[PDB]
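Undergrad:
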Amino acid sequence: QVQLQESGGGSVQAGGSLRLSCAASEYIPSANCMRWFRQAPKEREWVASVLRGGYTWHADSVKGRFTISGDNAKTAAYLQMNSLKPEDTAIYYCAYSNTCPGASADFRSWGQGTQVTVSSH
Amino acid sequence: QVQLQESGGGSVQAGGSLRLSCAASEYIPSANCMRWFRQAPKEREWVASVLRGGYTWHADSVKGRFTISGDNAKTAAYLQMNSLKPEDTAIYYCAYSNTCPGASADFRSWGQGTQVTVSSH
Amino acid sequence: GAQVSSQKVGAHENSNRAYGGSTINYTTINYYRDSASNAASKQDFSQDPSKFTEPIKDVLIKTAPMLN
Amino acid sequence: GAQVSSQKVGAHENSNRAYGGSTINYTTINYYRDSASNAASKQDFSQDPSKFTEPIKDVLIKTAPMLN
Amino acid sequence: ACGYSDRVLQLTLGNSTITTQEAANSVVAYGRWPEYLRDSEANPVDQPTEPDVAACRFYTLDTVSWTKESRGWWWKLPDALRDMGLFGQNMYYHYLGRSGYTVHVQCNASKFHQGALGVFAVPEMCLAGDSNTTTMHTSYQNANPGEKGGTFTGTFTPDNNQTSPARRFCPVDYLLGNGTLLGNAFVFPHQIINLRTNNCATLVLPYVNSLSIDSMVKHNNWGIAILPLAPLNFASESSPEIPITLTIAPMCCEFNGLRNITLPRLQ
Amino acid sequence: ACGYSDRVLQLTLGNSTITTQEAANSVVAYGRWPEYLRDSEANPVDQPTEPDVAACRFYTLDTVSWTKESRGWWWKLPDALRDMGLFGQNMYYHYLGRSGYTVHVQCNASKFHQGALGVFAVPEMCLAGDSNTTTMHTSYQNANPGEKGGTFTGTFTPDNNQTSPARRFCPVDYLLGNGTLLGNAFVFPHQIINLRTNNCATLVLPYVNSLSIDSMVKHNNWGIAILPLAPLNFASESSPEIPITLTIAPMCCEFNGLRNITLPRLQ
Amino acid sequence: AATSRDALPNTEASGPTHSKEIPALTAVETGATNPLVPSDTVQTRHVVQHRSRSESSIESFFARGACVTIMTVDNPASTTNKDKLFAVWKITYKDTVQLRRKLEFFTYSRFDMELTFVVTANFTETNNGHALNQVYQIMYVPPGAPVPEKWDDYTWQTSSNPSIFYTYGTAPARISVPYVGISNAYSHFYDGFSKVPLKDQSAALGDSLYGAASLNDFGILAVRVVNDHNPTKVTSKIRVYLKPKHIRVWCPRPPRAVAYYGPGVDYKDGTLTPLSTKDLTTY
Amino acid sequence: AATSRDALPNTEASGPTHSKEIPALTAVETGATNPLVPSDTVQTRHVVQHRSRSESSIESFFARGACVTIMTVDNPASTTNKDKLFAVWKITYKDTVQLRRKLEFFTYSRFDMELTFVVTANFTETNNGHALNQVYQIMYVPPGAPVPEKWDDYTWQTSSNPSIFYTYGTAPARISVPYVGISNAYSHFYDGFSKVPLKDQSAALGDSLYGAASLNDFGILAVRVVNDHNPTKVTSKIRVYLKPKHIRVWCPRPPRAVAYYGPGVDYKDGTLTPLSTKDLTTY
């Protein structure tokens, strides 16, 4: 079926940087709004949402530090994680939408995710 | 953040007078309706509400004795407490609003308050 | 400023002292200042398809040989 | 007491026996006694910007030297 | 033919005359010359007082000094002329007053100096205050400096003394002192005194207000703002100085509602 | 009346405009304004190409520097403009071409500098070579320097390398570079840029040649020679410098005989 | 005779030039803007101009309605102690920024005002209770009249104050108001005071706020839920939209460049940098 | 003078023939279509023709409105963490297939556009809670204006953007828009790029998407539920319908034959076989 693949995760110390990438197996002629999500305990959390270009929304925790871009041609998105905090440690995911600038944990499928471990000191 | 500071509280005997004052740390370009509240057991009570000037409302207990003014320039309010009763003993507070002549215990923040102790005889 | 136009009557009621016959008209009054707000008049024109059907430089006479 | 005015037609329908061509008008009837209730006519005037652009006492002739 | 020029002008009002050899024409704000109040537009019913030549004449305010560090200056009308001869008197004795003006800003230098001053006449020139704790709090005294006027500044400094606030304006230059970008001020009637070109600015201003006549003691119709578009420079000197002088003449001024004299608290 | 002057001019061609506040009128060489080729004078039969605004516009060549030791400079037309936009292109694509010109030489200083430049437009400005062993031997490359032009000299220095001759011009100033006395150059259309008076020279030149139209790549119709009649001097300085800039606009240019592009050997 | 929707002037063909006429040169000192057109500096062709300024006329510029305030209500547990369930808002446009900025390009204006009210409501605590459609009373209390003290006092009788009874779920309410200013035009800015402090008086007595006058005192709008108390709490919001119609404006001004701060022209520290970074020689 | 509703030409009676006139023979190489009528190849009778092409005029062909997008909303548990409850959709017809294909028979067009909005809502989790009738705000944000960040920020004040406040349960909302293209006609196809890559520049800097231009950048529609948060979640959908009125079209083209794939003319593998099987000699 439709497949999204997360990549770029790893383990870094606090204050560090990362860049997560999510590409679709084949192109999707419907999904234009991409989103990022995370989780640690037993509850999912919305990171950022990005439509075609260049309207980009963020959350009250990841704003200013995180930035989403993504190609306006290839159905893929990118997450630049700066000034990383030990609280950011979680499994990050990717999910396509339709025309949904808003965000809610209500996606049909779920890829696999990518682990981000933030070291303290 | 936004800060309100109560002052002027103390301990007086019945029939006495006081004057409570509440000023904002810095000016607020939205909050024009100020209110006073009190409490003793485990329940808050609305004292008086004052918009810019000079519409002033009171409660069925503090009316005629209490009077609220406040500058129409500086975001601050004042409470003149006359003919004080031992029942008035409580912690008084201050809270800014918007365009809310009415009163309800539903304010976001909460400063600190000021204690008013009324002696009997 | 009413616009009265005629309708092309398809099915005719058994009437010629009100409906069916004596030309049935309809009224239209525009209510807005902007032309974009108007309804479609549908009173449109047709044209000869030649610009697409016969785009040749030298005129085509059907009875004659195309190539001469 | 109807006010009939013309519309400035932008996009024209393929019509000249109803729409597009033969000047499209629109009707307006005021229903209230108070002028404040009226809709905006939008039929407004323009003026020469001179009062702001050339507020000088001695007239400006573009081809000549400003300072003489 | 006879050699008449846009550069050489002579202005005569009452018993005063101003000459100039380096003018850049003159501006009649909004193309409206000052005029008396028409019957069709009249308001107060009593016969108005029209001082004419007694008040309609050129008064020279105190001279200021332009240096490399000058940020700008400002004045209010009729405020600046509040103490000027019969104009001042007629102003204080009446409840109502209206007046137009001929403002002439003067500043000469040499073929070796450089700099440019923007002279702007702003209708209803409300200036920003100095507090971040209270709005619209500048006091009457500070709002009306009279002939000395006030000055613009390059940095906003909030008044932090909440015990005894200064209650004054803190007009930031690039913000024209009212929260708008200076570069736009050119929408107001104005002239520029560019040293290489001219040595004076002349602005004829009509009475502008939402009413036919109003209280002069309470409200200033116009505001004169002078800011250095291009800074002062001379030869290779580090501290050049040239004076700037204002001369203002009320025009077609009329007053209504005579009473006893208003004695304002100015300090 | 309105203040129109011989000193203040504005020239507009194509999408370009030149203004000047210190002109000394302008010269229309031999009283003939540039024009297109008349039918009665025509030669090649094919329909000519007339670029109009694409080529008839002001092009600014590289700026040179005038010092106390400058002897003079020279350029050839249409050579100098050989690489200028569409004019250059139209020139190379056609076997034949004709064009008039508006040459505007620019050079400003101060009321404290002094000097005078003679700007001369010479029809068929053939310059003398550098050899005393061979005549008419200057090579195509050296004869056509393009926009950079060449320079005059104060002393004739014969080329003695007979192995590999330099094959260049050696134009002596007082000899106008062609064996005639400079003092006579004034017979050619000209203007003088005398610092105290003006800061520019304007020469409108018609197409001048023994034929109606000719090969532009082979033959230069006009030559621009700029020599310092009076040397540069400033204050009490030993090494003053002021730039000189040329801006040339082809006029009424037409071309015949289109083919593939000529790719000349320029070095 | 030139109407807003008329086509702008055509571009006239112009050829080369070489003369004493100097359109390009000017002197901004005079305070005049040089009235040039393309043909003054370049060669131009003939162009039949079709564009018009119809959308930029003052009337068309302020043709959109805009939010001004968000008035709210509230029901408690029972009465418990409270019965002051009603909103009173002092009518002033200076509460938002959007409409306010647009009304600042000019110094004075005159206009008939159209007000539209969009009312929305909702539940608070999850409950099986159901409220019946509400009716709201929007009462204009002009400066002077008695302002409501209790939610159910005499003032609500409205024998002279205009009032709009809005039923929930119907088309938003709307009314028109004539130019109601006490002056010949409304004053967007007022450089002065309401009181002249006199020397033979106390400073307190002669004091007033800079830039404030009754020129703009229009009174208040008092809104309440007509229906009696319900067991289940419903909160309601009334959004007010103002559209200045039949408008005229005087004296242009530079638009507000830094964030608004109060009903005056004042500015707050830290909001004084409207421009971003850009090199002088970078496109 | 020939109107769309006029009757087509009558069939003229024609008898036998034996001549040099050769209507039947032609040569398609010329690129012309042979303009024959029955009477040119067979004997015909006289027939008074009544049929008309009234239903096939361009205007009548696009007389039906068509869906373009499905915008949705969503409420969570409480806030928990979320307050981004609002839908923003980039206005483009190229999202569906039905209207898109119809608008491809031609290369260019001009038309006034009528938009109708059908709004529906529903409950999610079975509950005894009841929501009060909702009001929606459909805001057109033209290219440039600030796009809403929070559900309750300044942008929603709408001092210049046209907005429609729709009350639930009333007749679907509708508005008209003039031909708003920056060109003389809208371009259904654009064979080119927005940027010319220059040699003295980086490939990245000169890069752009094939077939994309601002010719079709119309901005966005932002929709939100005006009512405040309710304890019980309600989900809403706004369907947008476009009807091109007063339309004109240029340059006919072959209709799309394989499934659409993106906003371009591109095709996907495995969708390239529009024709079925049928023998050459089978009826």
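Protein chains in written order, with the authors' numbering: chain 7, 1 to 121; chain 7', 1 to 121; chain 4, 2 to 69; chain 4', 2 to 69; chain 2, 6 to 272; chain 2', 6 to 272; chain 1, 20 to 302; chain 1', 20 to 302. A prime marks a further copy of an entry chain.
Backbone N, C-alpha and C define an ideal beta-carbon position, used for all residues, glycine too.
Let me know the alpha helix (DSSP H) ranges lying completely inside the stretch 97-135 of chain 2, each 4 residues or longer, listed in chain order.
TA: You should have found no qualifying run.
Undergrad: Less than 8 Å between the CB atoms is what I'm expecting for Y279 (chain 1') and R119 (chain 1'), so what's the real figure, rounded?
TA: Here residue 279 (chain 1') refers to the residue found at position 260 of the eighth sequence. Here residue 119 (chain 1') refers to the residue found at position 100 of the eighth sequence. So it is a contact: roughly 6 Å between Cβ atoms.
Undergrad: Nearest by alpha-carbon distance to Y229 (chain 1): which of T52 (chain 1), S23 (chain 1), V244 (chain 1), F212 (chain 1) is it?
TA: For this step, residue 229 (chain 1) is matched to residue 210 along the seventh sequence. For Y229 (chain 1), the nearest C-alpha among the options comes from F212 (chain 1).
Undergrad: Since residue 8 (chain 1) meets chain 7', which of its residues come closer than 7 Å, beta carbon to beta carbon?
TA: No statement about residue 8 (chain 1) is possible, as the shown extent of chain 1 runs from 20 to 302 and does not include it.
Undergrad: Do you know offhand how far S36 (chain 4')'s Cα is from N235 (chain 1')'s?
TA: By one-based count along the fourth sequence, residue 36 (chain 4') stands at place 35. By one-based count along the eighth sequence, residue 235 (chain 1') stands at place 216. Distance between the alpha carbons of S36 (chain 4') and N235 (chain 1') is about 42 Å.
Undergrad: Does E55 (chain 4') come within less than 8 Å of chain 4 when only Cβ atoms are used?
TA: Sequence index remark: in the fourth sequence, residue 55 (chain 4') carries index 54 (1-based). No, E55 (chain 4') lies away from the interface with chain 4 (no Cβ there is under 8 Å from its Cβ).
Undergrad: I'd like to know if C205 (chain 2') contacts chain 4', where contact means its C-beta is closer than 8 Å to some C-beta of that chain.
TA: For this step, residue 205 (chain 2') is matched to residue 200 along the sixth sequence. So, not an interface residue.
Undergrad: How many angstroms separate the CA atom of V196 (chain 1') from the CA atom of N98 (chain 7')?
TA: By one-based count along the eighth sequence, residue 196 (chain 1') stands at place 177. By one-based count along the second sequence, residue 98 (chain 7') stands at place 98. Distance between the alpha carbons of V196 (chain 1') and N98 (chain 7') is about 38 Å.
Undergrad: Should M67 (chain 4') be labelled buried (16 or more other beta-carbon atoms within 10 Å of its own) or exposed?
TA: Within the fourth sequence, the letter at position 66 stands for residue 67 (chain 4'). Label assigned to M67 (chain 4'): buried.
Undergrad: Alpha carbon to alpha carbon, what distance is there between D135 (chain 2) and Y286 (chain 1)?
TA: Reading the seventh sequence from its first residue, position 267 is the one you call residue 286 (chain 1). Reading the fifth sequence from its first residue, position 130 is the one you call residue 135 (chain 2). Cα-Cα distance, rounded: 9 Å.
Undergrad: Can you pull the chain 2 residues whose beta carbon is under 8 Å from the beta carbon of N203 (chain 1), in chain order?
TA: By one-based count along the seventh sequence, residue 203 (chain 1) stands at place 184. Those are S215, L216, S217, listed as they occur along chain 2.
Undergrad: For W57 (chain 7') versus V47 (chain 7'), is the C-beta spacing smaller than 8 Å?
TA: If you number the second sequence from 1, residue 57 (chain 7') lands on position 57. If you number the second sequence from 1, residue 47 (chain 7') lands on position 47. The answer is no: Cβ separation not under 8 Å.
Undergrad: Is the stretch 133-140 of chain 1 close to the stretch 199-215 of chain 1, with three or more CB pairs under 8 Å?
TA: The stretch 133-140 of chain 1 is not in contact with the stretch 199-215 of chain 1.
Undergrad: Quick one: grab the DSSP three-state call for residue 309 (chain 1').
TA: With chain 1' covering 20 to 302 only, the question about residue 309 (chain 1') has no answer from this structure.
Undergrad: CA-CA distance, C112 (chain 2') and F63 (chain 2')?
TA: Residue mapping note: residue 112 (chain 2') aligns to position 107 of the sixth sequence, counting from 1. Residue mapping note: residue 63 (chain 2') aligns to position 58 of the sixth sequence, counting from 1. If I take the Cα positions, the gap works out to 17 Å.
Undergrad: Is the Cβ-Cβ distance between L210 (chain 2) and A126 (chain 2) less than 8 Å?
TA: Counting from one through the fifth sequence, the residue named residue 210 (chain 2) turns up at place 205. Counting from one through the fifth sequence, the residue named residue 126 (chain 2) turns up at place 121. In this structure, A126 (chain 2) lies closer than 8 Å to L210 (chain 2) by Cβ.
Undergrad: Counting only C-beta atoms, is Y280 (chain 1) closer than 8 Å to chain 7' at any point?
TA: As a first step, residue 280 (chain 1) must be located in the seventh sequence, where it is residue number 261. Interface residue, yes.
Undergrad: Below 9 Å between beta carbons is the criterion; list the residues of the stretch 78-106 of chain 7' that meet it against any residue of chain 2, in chain order.
TA: Going along the stretch 78-106 of chain 7' in chain order, one finds no residue with a Cβ nearer than 9 Å to chain 2.
Undergrad: Specify, as a first and last residue, the run of the alpha helix (DSSP H) that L118 (chain 1') falls within.
TA: By 1-based counting over the eighth sequence, the position of residue 118 (chain 1') is 99. Per DSSP, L118 (chain 1') belongs to the alpha helix (DSSP H) from 117-121.
Undergrad: With 16 as the cutoff for other CB atoms within 10 Å, does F124 (chain 1) come out buried or exposed?
TA: To locate residue 124 (chain 1), count along the seventh sequence from 1; it is residue 105. Answer is buried; the Cβ neighbour count reaches 16.
Undergrad: Spatial neighbours of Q167 (chain 2') within its chain, please: CB distance less than 8 Å, with the 5 preceding and 5 following residues excluded, ordered by chain position.
TA: Numbered from 1 along the sixth sequence, position 162 holds the residue referred to as residue 167 (chain 2'). Excluding residues within five positions, the ones whose Cβ falls inside 8 Å are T138.
Undergrad: Helix, strand or coil for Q26 (chain 2'), going by three-state DSSP, please let me know.
TA: Residue numbering aside, residue 26 (chain 2') sits at position 21 when the sixth sequence is read from its first letter. Coil.
Undergrad: Starting from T88 (chain 1'), trace the beta strand (DSSP E) both ways and give me its first and last residue.
TA: The residue labelled residue 88 (chain 1') in the question sits at position 69 within the eighth sequence. First-last of the beta strand (DSSP E) with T88 (chain 1'): 85-91.
Undergrad: Would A34 (chain 2') and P194 (chain 2') qualify as a contact pair, given that the criterion is a beta-carbon distance under 8 Å?
TA: The residue labelled residue 34 (chain 2') in the question sits at position 29 within the sixth sequence. The residue labelled residue 194 (chain 2') in the question sits at position 189 within the sixth sequence. A contact, by the Cβ cut-off of 8 Å.
Undergrad: For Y302 (chain 1), decide whether its Cβ has a neighbour in chain 2, counting only Cβ atoms nearer than 8 Å.
TA: In the seventh sequence, the residue the question calls residue 302 (chain 1) occupies position 283. No, its Cβ sits nowhere closer than 8 Å to a Cβ of chain 2.
Undergrad: Go ahead and pull the three-state DSSP assignment for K297 (chain 1).
TA: Start at 1 with the first residue of the seventh sequence, and residue 297 (chain 1) comes out as number 278. Reduced to three states, the DSSP call for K297 (chain 1) is coil.
Undergrad: Return no unless some Cβ of chain 2 is closer than 8 Å to the Cβ of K58 (chain 4').
TA: Numbered from its first residue, the fourth sequence carries residue 58 (chain 4') at position 57. Output row for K58 (chain 4'): interface = yes.
Undergrad: Return the chain-ordered list of same chain residues with a C-beta closer than 6 Å to the C-beta of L16 (chain 2'), the five sequence neighbours on each side being excluded.
TA: The residue given as residue 16 (chain 2') occupies position 11 in the sixth sequence. So the list reads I23, once near-sequence residues are dropped.
Undergrad: Tell me the rounded alpha-carbon separation between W79 (chain 2) and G151 (chain 2).
TA: On the fifth sequence, residue 79 (chain 2) is found 74 positions in, with the first residue counted as 1. On the fifth sequence, residue 151 (chain 2) is found 146 positions in, with the first residue counted as 1. In a straight line, the C-alpha of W79 (chain 2) is about 10 Å away from that of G151 (chain 2).
Undergrad: Starting from the beta carbon of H99 (chain 2), find every residue of chain 1 whose beta carbon is closer than 8 Å, and list them in chain order.
TA: Here residue 99 (chain 2) is taken as the residue at index 94 of the fifth sequence, counted from 1. Near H99 (chain 2) there are no residues of chain 1 at all, since even the closest Cβ is about 13 Å away, more than 8 Å.
Undergrad: Indicate whether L82 (chain 2') and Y106 (chain 2') have their beta-carbon atoms separated by less than 8 Å.
TA: Within the sixth sequence, residue 82 (chain 2') is the residue found at index 77, counting from 1. Within the sixth sequence, residue 106 (chain 2') is the residue found at index 101, counting from 1. Yes; because the gap between Cβ atoms is below 8 Å, this pair is in contact.
Undergrad: Helix, strand or coil: how does DSSP classify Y209 (chain 1') here?
TA: Locating residue 209 (chain 1') in the eighth sequence gives position 190, where the first residue counts as 1. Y209 (chain 1') falls in the coil class under three-state DSSP.
Undergrad: What does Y20 (chain 4) pair with, by DSSP beta-bridge criteria?
TA: Here residue 20 (chain 4) corresponds to residue number 19 of the third sequence, with the count starting at 1. According to DSSP, which records beta bridges pairwise, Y20 (chain 4) is partnered with nothing at all.
Undergrad: Apart from the five residues on each side of it in sequence, which residues of its chain come closer than 7 Å, Cβ to Cβ, to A90 (chain 7)?
TA: Stepping through the first sequence from its first residue, residue 90 (chain 7) is reached at position 90. Cβ neighbours of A90 (chain 7) beyond the five flanking positions: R38, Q39, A40, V116.
Undergrad: For the stretch 13-26 of chain 7 against the stretch 68-78 of chain 7, do three or more pairs of beta-carbon atoms, one drawn from each stretch, fall closer than 8 Å, so that the two count as touching?
TA: Yes: at least three Cβ pairs fall under 8 Å.
Undergrad: First and last residue of the beta strand (DSSP E) that includes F174 (chain 2')?
TA: On the sixth sequence, position 169 is the one that residue 174 (chain 2') refers to. It is not in any beta strand (DSSP E) - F174 (chain 2') carries neither H nor E in the DSSP assignment.
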